[PDB]
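Heads up: the structure comes next, in C-alpha cells.
Chain naming here is simple, since letters A, B, ... match the order of the sequence lines and numbering starts at 1 in each. Side-chain atoms are counted along with the backbone in the values below, which use heavy atoms only and exclude waters and symmetry mates.
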Amino acid sequence: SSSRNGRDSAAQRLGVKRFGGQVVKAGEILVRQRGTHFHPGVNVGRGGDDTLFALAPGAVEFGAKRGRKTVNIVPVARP
Amino acid sequence: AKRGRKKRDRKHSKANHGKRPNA
RNA sequence: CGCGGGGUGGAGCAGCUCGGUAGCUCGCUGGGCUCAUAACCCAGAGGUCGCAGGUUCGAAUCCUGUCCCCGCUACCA
RNA sequence: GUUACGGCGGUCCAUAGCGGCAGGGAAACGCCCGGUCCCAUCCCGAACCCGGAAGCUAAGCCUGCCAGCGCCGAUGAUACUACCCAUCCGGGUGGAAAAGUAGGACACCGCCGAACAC
RNA sequence: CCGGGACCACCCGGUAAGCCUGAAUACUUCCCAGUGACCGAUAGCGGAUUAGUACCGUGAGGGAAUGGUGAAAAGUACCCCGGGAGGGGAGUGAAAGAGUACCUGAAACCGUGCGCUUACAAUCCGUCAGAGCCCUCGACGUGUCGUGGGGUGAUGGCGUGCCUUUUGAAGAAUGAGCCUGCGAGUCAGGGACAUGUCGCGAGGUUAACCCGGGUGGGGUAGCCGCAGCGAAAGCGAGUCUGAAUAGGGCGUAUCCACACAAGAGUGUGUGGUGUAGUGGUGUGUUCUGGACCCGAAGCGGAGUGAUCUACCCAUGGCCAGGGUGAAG
RNA sequence: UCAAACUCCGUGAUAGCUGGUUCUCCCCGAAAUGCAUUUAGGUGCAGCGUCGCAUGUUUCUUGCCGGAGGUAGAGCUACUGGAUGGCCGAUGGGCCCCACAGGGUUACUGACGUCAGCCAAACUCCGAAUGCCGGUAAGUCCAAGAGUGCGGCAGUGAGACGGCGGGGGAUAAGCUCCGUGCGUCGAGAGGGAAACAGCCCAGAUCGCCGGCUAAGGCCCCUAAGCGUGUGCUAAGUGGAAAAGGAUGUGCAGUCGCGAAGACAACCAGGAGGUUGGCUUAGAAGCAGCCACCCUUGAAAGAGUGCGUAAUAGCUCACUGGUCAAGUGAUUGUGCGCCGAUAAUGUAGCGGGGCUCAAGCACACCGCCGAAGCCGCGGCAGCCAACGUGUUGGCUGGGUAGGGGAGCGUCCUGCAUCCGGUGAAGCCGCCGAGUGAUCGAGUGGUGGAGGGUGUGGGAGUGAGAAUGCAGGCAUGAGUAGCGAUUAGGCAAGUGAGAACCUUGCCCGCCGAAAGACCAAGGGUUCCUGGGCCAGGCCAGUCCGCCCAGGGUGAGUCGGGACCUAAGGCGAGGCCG
RNA sequence: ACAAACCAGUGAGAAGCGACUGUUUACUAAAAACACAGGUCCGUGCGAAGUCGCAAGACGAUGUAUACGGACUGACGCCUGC
RNA sequence: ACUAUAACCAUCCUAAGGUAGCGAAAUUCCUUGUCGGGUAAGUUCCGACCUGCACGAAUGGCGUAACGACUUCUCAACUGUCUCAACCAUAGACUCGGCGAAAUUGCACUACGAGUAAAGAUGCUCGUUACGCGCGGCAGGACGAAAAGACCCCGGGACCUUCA
RNA sequence: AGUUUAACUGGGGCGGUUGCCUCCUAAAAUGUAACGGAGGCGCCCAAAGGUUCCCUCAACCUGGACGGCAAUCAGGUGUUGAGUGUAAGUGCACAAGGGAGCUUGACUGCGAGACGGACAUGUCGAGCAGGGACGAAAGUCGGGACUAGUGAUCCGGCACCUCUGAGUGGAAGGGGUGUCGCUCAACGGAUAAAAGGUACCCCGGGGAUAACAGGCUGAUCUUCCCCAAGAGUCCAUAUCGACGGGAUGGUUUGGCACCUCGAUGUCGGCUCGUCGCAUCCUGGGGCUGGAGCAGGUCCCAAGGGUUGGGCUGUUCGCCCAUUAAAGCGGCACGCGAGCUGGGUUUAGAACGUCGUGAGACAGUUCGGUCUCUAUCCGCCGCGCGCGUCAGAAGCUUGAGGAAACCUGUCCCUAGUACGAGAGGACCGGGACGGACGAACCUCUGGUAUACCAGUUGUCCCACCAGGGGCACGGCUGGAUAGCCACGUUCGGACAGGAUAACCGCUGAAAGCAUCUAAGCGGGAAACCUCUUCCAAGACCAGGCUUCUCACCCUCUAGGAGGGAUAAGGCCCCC
C-alpha cells in the first residue's frame, strides 16, 4: 500500500523572541506571529506579516487592553 | 516464551531494581 | 509481502463540470401498410452511474469511503 | 463644594453586562420642527449636514432598588505534575497545584465642563 | 603589400611568398679520473655468485637463488673404528668453541642430562596467596633464621586470547602455524595557511646568472609590505552608491586625553602615541604529483600466438569379418 | 584461461570499498546529531574535542522577580464533532372525518429544545507543574579546568539499552521512529545482579598482609547473623503467569438470629378449599405456564423437592419438643490454593539444603562488602603562594582524536673517551629506571671496531596486510609408495641383496606388453668403473654419475630433380 | 548340461518431440537444440549482389538467374485462412 | 414448447477480430479438471470432452512409416533393486620393516547438562561426570577444511539490446 | 564505439514519494523523525492594491403578489456562530468582513535595529530624502489580514547608462543599472545532451541488507480454558457449546533484521536415532442420554509398539489391502565431513505469456560434476601404564549403570449375565500365533577361491592313457566345517513394594456431613524391586580365601638407591 500524506511545511520559528523585562533596541523583533494573538501597543508596531517590533528602546511589557493581549515597550530611565 | 520471560523477570531483583538491559 | 479499475433509458454505447443529464441504435408503447411480421409515422414514453462532500448555488461531470463485473497481482531467491 | 448631570478617558474591559420595576429633565444630553443655505441618500432631509425652538422626558442618557440569566469566585480537597524513594504496587515522600463545584462577590477611578452653591 | 586581437580611417613598424648560418641549450650507449651524513648480500642494478643465466612459456615475454675458513692451506701426514660417509687420537694453526658442511653463529625447531612436579582430574593455561622439595647468599651455632634471593610448584581464590571492525565479539565474525629478516604519511616546490625560531626592519629579499676546486662573494630584474574605495573611468584618507551636507558599505593599525554632540545603542572632531612586515629555517595541515601501503574486475597502444582447439586448402594413408541385396 | 586470448607498455590504472599502518609516557577528550547532497555505509558546513591567543565568571547551580505559552488534567449548556437515556414534540407514515383543502387521532419515526450523565491528537469557557527567555542576589571560585570570539589540528556524521513522554505496530517485538542540562555502555575498569556492554553502587594516579562504607548481602558453598521482637505463610509459596474458580487461613469489621434455648442433630406434626386457573387426553405441593389467595391454626410455600403418565407414598420449608451457645450471612484486607501446560538432564532458588525458616511483613541491632572515602607513602598535571624551587590546594578512567615531553636504532659535523691487556654482536648473572628501556656493572663466547656529550639527517621501531622471502614445526613417523601379470627356489657376487647376475620353475602379453620406422628427444647406445644425490624402500643394479668408445651409403630417407596448397616476392599496383 | 568355456541382440505395445544418418556446450547439459534434403521470400544482369580490405585487389567464380548470396521454414502427406 | 445451452439477433469498437486443424497440450493457473481405460489401489500414462488462465497455420498447423545412448507410460522375461540380507576371494584398510608427504593450525592438561552470552558455548555461571596415555573405528559438534558467498543488496565493471 | 539509465525504501524490486505552505504528531518557548495522520500550492486581483469615509453580519421569528425552506421588501431578536479571493491554522466585529469616492506607494534612493540562522536562502523594519495618492488634518501607503503561489549559478537576450574601448579616433565586444529566458518538479538545480538486459556474467564490499536455520514477538496458527444463549423430549454443563472473554505452546503463515554473506548447503527420501506428551494401540479409571456388544467425553499413564503398497520430487494428501494401532510434534522444518539428488536453484533447449529487443516468469518442460587421509570433543570397541600401603592368584559382593518391557486370534467360562429380540459380555482360565530381540547350527537352506565329479577351448607334461596350466575357481553339478538365515530354540514374565487418576474406611474442625486436617487401606504396561548383562579407577578404589611370606650391596646407614630372588606373571615358541 501507500500513504497519501507525508508532507509538512518548514517550521517558521514563530513565537516570542523578547519576553517581559527583556531590554530591547528599536526594531527588535519581539513577536513572530501570523495574526494578532499579541497586539501592538505602546512604542510597538505591526509589520506586514503581523510581526511586532519595538519602535523605541525599553523593556518589553506584556499587558492587556480591552481583552486583547498587548505588547508594550516601557522606557528605561537612564540614571 | 520461557527464555525471554525468565530474562525479563530477572530484573525483579533487589540488585537490578526492576530494570535490566533489554528488560 | 503488496498493487490495481469502468459503470449512464429495458440492452449496448456516447457525453467532463460556460450553472442540468443526457443523446444514438436496438427494444417497447400507439397508429398505419398487409388477410397477419419486417420497413413508415410518430402526441412517441422511458433513467438520479447509489449514497457522502465540493469553493459547491449546482453538480452524471470534480474529490474522496462506498459506487464494484473490471484488464493488469507479478516478490522472481 | 452639592448634584437622580454633560462630555473625555481608564480598569487583568463583566464584581462593570443583560433583563428588571419605580423614578428625573436646572443648564446640558436628547428626541423633536423644517429643509432656504454648506452638505447628503448606489432611492429616501431616515441617515449625513444645515437652519431652528413648538412639546416631551415616551425613548436614549441618568438615579435607586438585584444573586432572575450571565460574569467573578477563594479556601480546603482532588486530578495532573518537576525531583526523590521504591525490585511491577504507577505505590509513596517532600514541593508546585488546577478545572469543575460550593461558600460567597451587583461597578469603580480620574480630568474638564454645566447649573446651582460660592 | 602585411601586421599592430573583429573591422574602418590615420599613424607607426616591417618589406612575405628564396636559401644558409656558429655560440649560449638538451642528452649519455660508451671511455677516463673522482665523490657520497648512498646500499652493504631478503639491501643495492633483475644480476657481488653460472645472470638476462638456470628455469617457465609455443611465442612475445617472464625470470630467480647462490658472498665471508684462516694472516698464510700451514686444507688435518700417520694410527684406530668403519664398506664408505663420518668420527676419535695425533698433528698444523694464536685459535679447529676457524676443518673447503668452515667468521660471528640469535630464534623458531629438535634432542640429551640434572632438579622439582604430575596418572580422582574439567586447566584463555595465567595471576594472587601458598604447602612441600631443591639451590644460593649471609648470620649465628653448629641447623634454625633472615630486611633474604631464586627454580619448582600440591592446593585455594580470581580470571571469557590478540587484532580488525562493530550498538556490541572470548566470541561459533575477520586475519594470523612459528621464528627470523623485509614491509606503510615520504620527497620536490622562493608553492598555500597557521605556528615556533633566527636575521634585518618601513623596509625585507634576491631569481636566473657571474666569479669562487666549497658551503663564499656579487647579482635589483622581480616579489611581498608601504592606501584604500570603486564595475571602471577615476578620486584619494577617503571613496562607492546616490539628486543629497542622507543615510549606509568598505577603508582610514590600535590606543590615550580633551572638547562638542548625543543617551538609537554612541558618534564627530581636535591633539597626542604611532602602525610591522619580510626573508631563511623547523613543525602541523594542505595543493600538484603514484603521495601512507597493498588490492581489483577491467580500458587503451603495440605486438605474440591456429604445434591445443574451430573451419578450410593441398597431398597421402586407414576402415578385420559377416550380412542385406538397389538400379542396370 | 574467452560475453572479447596472451604478453609488454600506459601503470605504482582507478577503486565513496576491504585490509594493514611498527616505540613510550603526560594532559585534555568526543561523536554516532542538524542541514544539504546522482545523497543515504561517502562528503561539506554547523554541533561536540584539542591546542594557541584574546576576554574574564559573562558559563553553570540555587533563591527571588518579570514574562509568553495551551501540554497533563479538567470541561463542553464555552465552539466544532461524536454520543447515552428520559421529557416535549415539530416532521413525516398510517387511521378516521375518508375529496384536493382544513382537521382530530396515533401501535410508529420522532428534528429542534430541554433534564441528567459522557468522550476527543488535529475540540477548548479553562489550565497547571516543569521547561524556556530575561533580570537580579548569591554560590562554586589556589575551579568548574566553565562560557564567548578568532585561528591551527581534528575525529564523528552506522549508535545501543534502560527510565520518563509519545508516534508506527496488535497501545507485540532484544522492533522501529522522535523527544528528554535523563542515565549508562560506546570510550568505563572495580563491587553486586549465578554467569550476563547498556540495571544498581561507584568513575580505577601508583603502592600497603590498614580502617569506614555504598549497592547487595550475613545457614554451608561464600566474607559477614542457623540475629532480636511481634505476627503471617503450609503452598517448598518464597524460588514465573491470566481470565476466572474456590467453606484455605489470619486480621479488621458489618449485619441477622441467639440461654425468653438460637443454627445443627434426634422425636412428633407438616393441609383443606384445591385441579386457584390456562395447556396438553391431564395440571394438581411439583411437562409447561398466568396469577401468586384466603381459611382451622402453631406452620404450611400458589406449596421444598423427590416419586411421580397425572396422583399416591416419600421426605420437606415450617411448627412444637430433648440437650445445649454460640451460630449463620456478608465487607475489605495480609499471606496462600487451583487455573499451570514441551521436547539432551534435576533445570522457573545460582547449588546444597531451608518451614526446628535459611520464607513474607513491620520495627530494632551489629557486621561483611568496591580500584568508592579515609589513613601512610610515592609520582605526575593545573593553579596559587613564597622564594628566584620549595610548600600547599585541586585534579590525574579513557576510544576516535588533539597537544606536550621522551626512549631506542642507524648515518653523520665537532669535541672527547674505550678497544687484540679483547670493540661490536650473541648468551647469561647481578641489578636499575615512571615508561619506551638501561647497564663506561659484570662474566662467557667472539674477534675489530665502538661509547659518550652536543647538534644535523633519517630507508628510525611491526604482531597481524588470506602480507614477501628463508628456515622450522602441527597433522605424522600418519596417508601413500602409481593398475587391472605373480612371483619362487638354488647358486653367486658383495661390507650389505625380496629387488643385481646365472640356472631352473611358475605366470603375463602374444593385431602385443612382440619386431621396425617416422615425428620428437639427443648420447639416453656400447665397454669399463662408481654408488651420500636420483629411483617413491633398499641397491652390488640402472635410462643416474664419471671416463673412453661408438653412427661408415652412388642405390635406404632427403638435398643437388619436380612441382601442390601455401609462403617470400624483382619490377609493379595500391596505400 | 552339446552355440557347453571365452565370445555373443533382451523383446513387445503406446504417446510426445524431432523426419532420418549426422553435429554440439574440450572440463557437470548429446537433447526436443544445430544441421540436413525439401520449400518460400528477398536481393544480384556480372571485376554482379554479398563479404575481407583505407584502397588496390581477392573470394563469390575460372561461376552468369535451372547461378550466386541472405532470411525464415525444415523429409513426406493434407494444408498454409483474415 | 421442461430446464439447459444458443443455430439466431441487437449494439460498440477494429486494420482485421483466429479459418482449417488441434486442444488440461513439452502450452491448462484453477487442476490430482471431468469421464472412460489400464492398476487391488495410478497427482504420472492412454483415449475423449472443451470452460483454449495464456494453441494455431512456414517464430509453420495437424499427422506421419522408418529412425532415436531423447522424454513418458505399460507388459513379458530376468534378476540381491528389494523383502533381507548371508558367504568367498582380491585391492586397500589392520600388523611388521623401509621411504615418507598434505590441506590445516591464535592457543591448550580442548567433558556433559540446564542456563547466560553477538540471542546455537570445550573455554563463562551453578552443578554433574570423568584415573593418565594410546590403537582401530563412526562421523553429532568444533557454526569443521576448501573457495575474501555465485543467491540478495550496495558500489564499480564488462558484454548484449533498443523507437536512451 | 563511448557512456547514462537517481535516491528514500523496516532487504531490494513493483507501487508511492521527492520542492513550498497550514494543522496534528510535537511532550504548554523554539525545534523535533517515521512509506505517521489530514489538506493545499506551482495561482488570482489593474482591483480583490493604496487611502478617506461609511456600514455590520449569518441564523432565527413575524408579516409580505407571483415567491416556494430559501430570491427581493419591512420590523424584531441577534456580539458574532457569517464572511475573510483560494488549503488549514492564527487572527479579524475596534473590524483585517460589506459599500462608495479619489487614486496607482503593486514607487526611486536608502535603511538604525532585529528575527531566522551549517552555508546559500529567507523575513520584519521604525525612520531620512525625492517626487506623489488619499485625507480638512493628524497620518497611512515601498502590493494584497498573515503565512504557500516558486528556481541558485553559469550562459545568453532586451532597454538605459557622462564606464571600458588591445597604437590613436571610432566601432565591435566587454562592463554597470533594470529586466527576461529552466515542471533544471529527483524543485541546493552532476551533462546543453542519455533508456534497458545479464541465468554468460566479473570484481570490490556487506550479516551495515533479504532468502535457510537460530533468536525475540506470538497478530495469525495451535492446545486449552472462563461465562453459559442455548441444541440436547424436559434438563446449560451425557455430548456439542454460540456471542464474547482469558491464556498456553512456539510446529504454521508472518513481523523484527540480533549472530552468521574472507560461505551456517536447500526440500523430500534413505540410514541412525533421541526426546516431550498435547496418548493412536495396549494399561488403569470417573461420568454417560452406559441395558449388553460397541461407544462418547474427561482424568491418569510415554513401558513397549505404532505395517506394506499404487500416484506424486514431493512433505502433506487420496486410494488399496491389513492392523491391536497404523499417534502428534521437537532435536539447524534432527541427521548430505553419513547416502541420494527426483525437486528447487547456474550455464543448453523448447512451449505459453510478457517484452520492439537483449531477455524475464513462487509458469511448464527435457537434461544437468554432491569434494575432504578425522587433529580435538563426543561415541563405539580394544589395549598400555600406574594406583587400590608388600607382591601375586582364584572366587566374588553389587553401589551404580545398560538391555528388555509389544500384542493378537480362537476355545471354555457362556450363547450364560444383559436384552422383546437382534445380538452378546466383564472377571477368570487354556491353546495357537504375528512382530521384535538373543543364542545356536541338530534339521532345512545359502555360501564354499587348497574338496569331489563332469565338461568346452587351448597349451604343456615326448606320444597313447592319465593329468596339469590358463580362460570369473573357465563353466557346470554337488558339497563337510566355519560364517549365517529363510532355519532351530528361547525370551518379554510370575510375584512383591510404593504410587497416579480413582474407589474408600474411620472421622473432626463445622453437634450433621466430609476419602483428610491426625490416622488406615485398595489401586495401572508408568516408578522401585524382580529377569539378563557390565561393574570396586565404587579414590569409601570393597569382600572371602589361598600362595610367597626372603636376601645381598652402596650412600652412612637417616630416609633411601641398586642388585638378586620366591609365589607368580610376561616375552619367545605350538
- Send over the distance from A/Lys69 NZ to I/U90 P, rounded to a whole Å. 12 Å

All N/O pairs under 3.5 Å across the protein-nucleotides 24-35 of chain I interface:
unit_1	atom_1	unit_2	atom_2	d
I/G31	OP1	A/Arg13	N	3.0

- Message: Would you measure the distance from the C1' atom in E/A172 across to the matching atom in H/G141 and give it in whole Å?
- Response: 11 Å

- Item | Pairwise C1' distance, I/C20 and I/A148 [rounded to whole Å] | 6 Å

- Task: May I ask you to verify whether the side chain of B/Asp9 and the base of F/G348 hold a donor-acceptor pair under 3.5 Å?
- Result: yes

- side chain to side chain contact (heavy atoms under 4.5 Å, CB included) assessment of A/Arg46 paired with A/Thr36: CA-CA 9 Å; A/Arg46 173 144 164 284; A/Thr36 45; 3.3 Å; yes

- Query: How far, in whole Å, is I/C527 from I/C405 if one measures between their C1' atoms?
  - Reply: 14 Å

- Message: I need the single residue from A/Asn43, A/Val60, A/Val42 that forms a side-chain contact (heavy atoms from CB on, under 4.5 Å) with A/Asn72. Which is it?
- Response: A/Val42

- Item | North (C3'-endo side) or south (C2'-endo side) for D/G45 via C1'-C2'-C3'-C4' | south

- Assign C/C57 to north (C3'-endo side) or south (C2'-endo side) according to its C1'-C2'-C3'-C4' torsion. south

- Message: Measure NZ/B/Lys7 against P/F/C196 and give the value in whole Å, please.
- Response: 14 Å

- Message: Would a student be right to call F/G157 and F/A158 stacked, given the definition of ring centres under 5.5 angstrom and plane angle under 30°?
- Response: no

- Item | Ring pucker hemisphere for E/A77, per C1'-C2'-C3'-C4' torsion | north

- Round to a whole Å and report the spacing from NE2 of B/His12 to P of F/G239. 12 Å

- If we require both distances under 3.5 Å, is F/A570 with I/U274 a Watson-Crick or G-U wobble pair? no

- Query: Taking any strand in view, what nucleotide pairs with F/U61 in a Watson-Crick or G-U wobble way, both distances under 3.5 Å?
  - Reply: F/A138

- Hey, is the main chain of B/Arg10 close enough, under 3.5 Å, to the side chain of B/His12 for a donor-acceptor pair? no

- N/O donor-acceptor pair, side chain A/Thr36 with base I/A145, under 3.5 angstrom: no

- Face-to-face stacking of A/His37 with I/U90, centres under 5.5 angstrom, angle under 30°: no

- Would you indicate which nucleotide in I/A96, D/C12, I/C124 comes nearest to any side-chain atom of A/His39? I/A96

- Task: Would you mind telling me which of I/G39, I/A114, D/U87 lies closest to the side-chain atoms of B/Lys14?
- Result: D/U87

- Message: Counting only side-chain heavy atoms from C-beta out, which of F/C196, F/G192, F/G198 sits nearest to B/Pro21?
- Response: F/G198

- Give a yes/no answer on whether the side chain of B/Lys6 brings an N or O atom under 4.0 Å of OP1 or OP2 in F/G348. yes

- Could you check E/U205 and say if its sugar is north or south from the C1'-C2'-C3'-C4' sign? north

- Query: Counting just side-chain N and O atoms, does B/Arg8 come under 4.0 Å of either OP1 or OP2 of F/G174?
  - Reply: yes

- Could one point to a donor on the side chain of B/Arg3 or the base of F/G174 with an acceptor on the other under 3.5 Å away? yes

- Dump the intermediate steps for side chain to side chain contact (heavy atoms under 4.5 Å, CB included) on A/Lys17 and A/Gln22, then the final yes or no. CA-CA 9 Å; A/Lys17 314 309 201 177; A/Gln22 293 200 241; over 6 Å; no

- Message: Between F/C199 and B/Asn16, counting only base atoms on the nucleotide and side-chain atoms on the residue, is there a donor-acceptor pair under 3.5 Å?
- Response: yes

- Query: Is the distance from OP1 or OP2 of F/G216 to the nearest side-chain N or O of B/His17 less than 4.0 Å?
  - Reply: yes

- Query: Under 5.5 Å centre to centre and under 30° between the ring planes, is that true for the bases of I/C267 and I/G268?
  - Reply: yes

- OP1 or OP2 of E/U266 less than 4.0 angstrom from a side-chain nitrogen or oxygen of A/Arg78, does that happen here? no

- Query: Looking at E/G214, is it paired to H/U34 in the Watson-Crick or G-U wobble sense, both distances under 3.5 Å?
  - Reply: no

- Task: For the side chain of A/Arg68, starting at C-beta, report the closest nucleotide among I/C94, I/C146, F/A193.
- Result: I/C94

- Query: Are any of B/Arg10's side-chain N or O atoms less than 4.0 Å away from OP1 or OP2 of F/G174?
  - Reply: no

- Task: Check whether any side-chain N or O of B/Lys19 sits under 4.0 Å from OP1 or OP2 of F/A193, and answer yes or no.
- Result: no

- Item | Nearest-Å distance for atom pair CG/P, residues A/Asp49 and I/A126 | 12 Å

- Query: Counting N and O atoms only, with roles assigned by atom type, does the side chain of B/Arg20 sit under 3.5 Å from a partner on the main chain of B/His17, one being a donor and the other an acceptor?
  - Reply: no

- Task: Determine: side-chain N/O of A/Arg4 to OP1/OP2 of I/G39, distance under 4.0 Å, yes or no.
- Result: yes

- Message: So A/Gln33 and A/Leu14, do their side chains get closer than 4.5 Å, heavy atoms only?
- Response: no

- Item | Side chain of A/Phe62 - closest among F/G192, I/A145, F/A68 | F/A68

- Query: Of the candidate nucleotides I/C94, I/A112, F/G192, which contains the atom at the shortest distance from the side chain of A/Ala26?
  - Reply: I/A112

- Item | Distance below 4.0 Å between A/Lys25 side-chain N/O and E/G265 OP1 or OP2 | no

- Query: If only side-chain N and O atoms of A/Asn5 are considered, is one of them under 4.0 Å from the OP1 or OP2 phosphate oxygen of I/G36?
  - Reply: no

- Query: Picking from F/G198, F/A194, I/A38, which would you name as closest to the side chain of B/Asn22?
  - Reply: F/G198

- Query: Between A/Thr70 and A/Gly63, is there a donor-acceptor pair closer than 3.5 Å when you use the side chain of the first and the backbone of the second?
  - Reply: yes

- Item | Complementary nucleotide of G/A71, counting Watson-Crick and G-U pairs under 3.5 Å | G/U40

- Side-chain-base donor-acceptor pair under 3.5 Å for B/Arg20 and F/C196: yes

- Measure the distance from CD1 on A/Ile73 to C1' on F/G66 and round it to the nearest whole Å. 14 Å

- B/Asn16 side chain vs B/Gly18 backbone, donor-acceptor pair below 3.5 Å: no

- Task: Using the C1'-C2'-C3'-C4' torsion, classify the pucker of F/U205 as north or south, with positive meaning north.
- Result: north

- Can you tell which of A/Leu30, A/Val76, A/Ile29 makes a side-chain contact (heavy atoms from CB on, under 4.5 Å) with A/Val24? A/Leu30

- Query: Does the distance from a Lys or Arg side-chain N to an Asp or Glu carboxylate O, for A/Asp50 and A/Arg32, drop under 4.0 Å?
  - Reply: no

- Query: Is any side-chain nitrogen or oxygen of B/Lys2 closer than 4.0 Å to OP1 or OP2 of H/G115?
  - Reply: yes

